[PDB]
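S.K.: First the structure, then my questions, so here it is.
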Amino acid sequence: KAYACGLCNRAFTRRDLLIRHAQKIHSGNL
Ligand SMILES: [Zn+2]
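In this text, residue positions in the sequence shown follow this note's numbering: the first is 482, and each later residue adds one.
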């Protein structure tokens, strides 16, 4: 769905923001 981190609930306009977020906040998707 719309670029929205179901983890922090955060949502961005771009995906990169969503990605870098996972690699920033949840730094780790493994
Ligand atoms: Zn998140």
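Ideal Cβ placement from N, Cα and C applies to all residues, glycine included.
Where does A503 fall in DSSP's three states?
M.R.: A503: helix per DSSP, three-state reduction.
S.K.: Enumerate in chain order the residues of its own chain whose CB-to-CB distance from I506 is below 7 angstroms, with the five nearest sequence positions on each side excluded.
M.R.: Contacts found: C489.
S.K.: I want to check one thing, is the minimum distance from the CB of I506 to the heavy atoms of ligand 1 below 6 angstroms?
M.R.: Flag set: Cβ of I506 near ligand 1.
S.K.: Is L488 near ligand 1, going by C-beta to nearest heavy atom under 6 angstroms?
M.R.: Indeed, a heavy atom of ligand 1 lies less than 6 angstroms from the Cβ.
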